[PDB]
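Computed over heavy atoms, backbone and side chain alike; hydrogens, waters and symmetry mates excluded. In what follows, chains are A, B, ... by sequence order, proteins preceding strands, each numbered from 1.
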Amino acid sequence: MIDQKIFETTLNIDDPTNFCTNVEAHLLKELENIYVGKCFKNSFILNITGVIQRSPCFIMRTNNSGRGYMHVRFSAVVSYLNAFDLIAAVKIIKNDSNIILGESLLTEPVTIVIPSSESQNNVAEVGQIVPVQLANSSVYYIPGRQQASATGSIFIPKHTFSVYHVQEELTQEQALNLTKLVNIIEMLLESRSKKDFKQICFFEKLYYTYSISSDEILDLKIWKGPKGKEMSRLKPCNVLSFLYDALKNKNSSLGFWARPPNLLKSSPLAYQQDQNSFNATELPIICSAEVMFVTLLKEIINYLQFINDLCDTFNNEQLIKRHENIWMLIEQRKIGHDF
Amino acid sequence: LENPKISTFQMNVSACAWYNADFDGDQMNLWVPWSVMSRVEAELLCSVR
Ligand SMILES: [Mg+2]
């Protein structure tokens with residue numbers, strides 16, 4: 001994602017008399033020159049928001065250098081990648097027998113090294129831009145490096161889903177906490193609404209778990225879902241509306257919550273029931289409203305970001321055709337309407 | 001001492017009370033501070049006065 005992080009450092013000043021003529025400007029300059037674009041304390045620094053707190057310019061005591069040092073506590077905009085996240089663009093630069101090495105394009109500088117399996121070396125080639133799925137805690141931020149190393153898998157949308165049993169209500173202050181995620185989704189939506197309809201539609205058709213016979217997948221202003229023969233007797237519920245209602249405390253958030261693959265991952269819709277009637281292959285997890293809401297909101301943000309990044313990367317159809325081979329490799333993994 | 005034939009450290013006889021020294025063959029160490037900080041405190045702190 002992208003958020004704020006507070007760091008503490010000690011800067012060495014090689015010319016204290018000059019540095020102290022303007023401490024704020026020199027301090028910002030040195031923090032930017034040292035930390036911008038590097039990994040430090042399990043994070044990747046993007047921008048220097050400011051200096052929260054500093055110390056006097058002490059003169060170094062254990063040597064005769066006459067040099068100074070200053071303790072700085074500063075706030076920086078950083079980007080921490082989560083486990084099993086989903087990037088949309090990577091340029092594979094190295095394709096050997098042992099490993100595959102690519103670099104992210106849209107997001108911040110990231111190196112993705114896919115261990116080479118026998119089913120991978122015969123497909124991916126140098127020059128292709130593909131989406132990748134991450135892994136658990138494999139995003140080690142080795143300090144001082146200009147990229148976040150992470151192992152990944154070529155993304156094929158799954159056929160499974162999770163079910164969360166919530167027995168505690170979503171309170172008002174935790175709704176205030178999730179307001180930030182709701183606002184992030186609103187910004188992502190208003191950024192997506194500018195894009196051409198054809199690109200978003202084709203990318204959604206490619207990455208939808210099933211197939212649908214055209215012009216039946218998207219209602220941008222209302223998000224009414226796909227009109228496939230009314231598969232479920234219960235209409236999926238908008239997450240944003242439910243959160244705004246729980247802000248005023250008119251609805252209850254108890255029961256079983258699930259997001260089956262038939263649902264559009266990028267939409268704010270989801271399924272709620274009072275009884276466990278979801279056809280999941282895995283046991284539902286008993287958890288509170290906080291965890292379930294956080295997980296669902298984070299999945300929505302991740303998939304909205306994925307669709308936005310896919311639409312940004314491929315602005316022309318010629319590149320789509322150039323990457324059509326990956327599209328069909330995705331396509332053969334879809335599930336038909338034999339149900 | 002710019003005479004090239006002199007190899008001894010020469011000092012006034014009234015300074016020997018500091019070092020409990022005499023001139024029967026005693027040897028003494030001498031180093032010249034080259035750093036600025038070491039040079040300042042030699043003159044302000046450690047002067048024999
Ligand atoms: Mg003697």
Side-chain angles (χ1 to χ4, degrees), chain A residues 1-82 85 87 89 103-111 139-150 176-177 179-181 183-184 186-188 190-191 301 305 308-309 312, chain B residues 31-47:
Chain A
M1 242 171 213
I2 168 172
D3 208 1
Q4 224 68 51
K5 201 164 187 292
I6 294 173
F7 295 123
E8 293 181 354
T9 193
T10 299
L11 302 187
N12 300 323
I13 292 100
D14 286 358
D15 191 6
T17 314
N18 190 11
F19 186 93
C20 287
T21 59
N22 190 357
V23 187
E24 292 292 292
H26 295 72
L27 203 63
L28 260 298
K29 285 197 291 182
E30 215 40 27
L31 287 174
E32 284 157 344
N33 290 319
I34 296 173
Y35 289 104
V36 158
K38 294 176 179 65
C39 285
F40 183 64
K41 293 202 146 294
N42 201 6
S43 182
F44 188 83
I45 289 97
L46 261 299
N47 192 5
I48 300 298
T49 303
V51 175
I52 292 168
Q53 202 168 0
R54 72 178 180 87
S55 73
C57 184
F58 305 106
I59 308 302
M60 311 184 348
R61 192 207 110 237
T62 32
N63 55 358
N64 291 332
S65 61
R67 266 185 313 151
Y69 67 95
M70 165 158 339
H71 307 297
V72 192
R73 186 177 281 151
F74 62 97
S75 182
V77 172
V78 306
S79 72
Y80 177 78
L81 267 66
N82 271 113
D85 274 5
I87 306 178
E103 301 236 316
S104 175
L105 272 92
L106 299 149
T107 64
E108 293 56 64
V110 158
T111 299
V139 199
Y140 325 82
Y141 294 89
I142 321 195
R145 291 173 73 91
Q146 255 271 7
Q147 83 273 342
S149 64
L176 182 63
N177 237 27
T179 310
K180 180 184 174 182
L181 303 171
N183 292 331
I184 288 172
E186 292 160 350
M187 318 297 151
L188 290 174
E190 62 202 84
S191 185
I301 301 185
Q305 275 259 355
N308 284 242
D309 272 351
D312 286 334
Chain B
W31 70 92
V32 186
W34 47 269
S35 178
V36 185
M37 298 209 189
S38 180
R39 224 151 77 228
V40 164
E41 86 166 4
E43 166 209 17
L44 298 189
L45 260 186
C46 307
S47 300

Discussion item. Apply side chain to side chain contact (heavy atoms under 4.5 Å, CB included) to residues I45(A) and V78(A) and explain how you reach the verdict.
Written reply: CA-CA 4 Å; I45(A) 289 97; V78(A) 306; 4.0 Å; yes

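The structure places CD1 of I301(A) at 4.0 Å from CE of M1(A), a figure rounded to the nearest 0.5 Å. Taken to the nearest 0.5 Å, the OG atom of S38(B) stands 6.5 Å off from the CG atom of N64(A). Note that OG of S75(A) is 9.5 Å distant from CG of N47(A), once rounded to the nearest 0.5 Å. Rounded to the nearest 0.5 angstrom, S55(A) OG and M70(A) CE are separated by 5.5 Å. Here the CG-CD1 distance, from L31(A) to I48(A), works out to 5.5 Å after rounding to the nearest 0.5 Å. With rounding to the nearest 0.5 angstrom, the CD atom of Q305(A) is 9.5 Å from the CG atom of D312(A).
Residue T21(A) comes nearest to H26(A) through the heavy atom pair OG1-CE1, 3.9 Å, listed as atom of the first residue, atom of the second, then distance. Among all heavy-atom pairs drawn from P109(A) and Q146(A), the shortest one is CB-O, 3.4 Å. Closest heavy-atom contact between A148(A) and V139(A): CB-CG1, 4.1 Å. In terms of heavy-atom proximity, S79(A) sits nearest to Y141(A) at O-OH, 3.7 Å. When all heavy atoms are compared, the tightest approach of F44(A) to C39(A) is CD1-SG, 3.5 Å. Of all heavy-atom pairs spanning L81(A) and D85(A), the tightest one is C-OD2, 4.0 Å.
Not a single donor-acceptor pair under 3.5 Å links the side chain of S191(A) to the backbone N or O of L188(A). Judged purely by atom type and a 3.5 angstrom limit, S47(B) uses its side chain to pair as donor or acceptor with the backbone of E43(B).
The side-chain heavy atoms of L46(A) and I2(A), taken from C-beta on, include no pair separated by under 4.5 Å. Looking only at side-chain heavy atoms (C-beta outward), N183(A) and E186(A) come within less than 4.5 Å of each other.
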Could you give the side-chain donor-acceptor pairs of residues 4-20 of chain A under 3.5 Å, partners two or more places apart or in another chain?
| residue | atom | partner | partner atom | Å |
| --- | --- | --- | --- | --- |
| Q4(A) | NE2 | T49(A) | OG1 | 2.3 |
| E8(A) | OE2 | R73(A) | NE | 2.7 |
| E8(A) | OE2 | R73(A) | NH2 | 2.5 |
| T9(A) | OG1 | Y35(A) | OH | 2.3 |
| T10(A) | OG1 | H71(A) | ND1 | 2.8 |

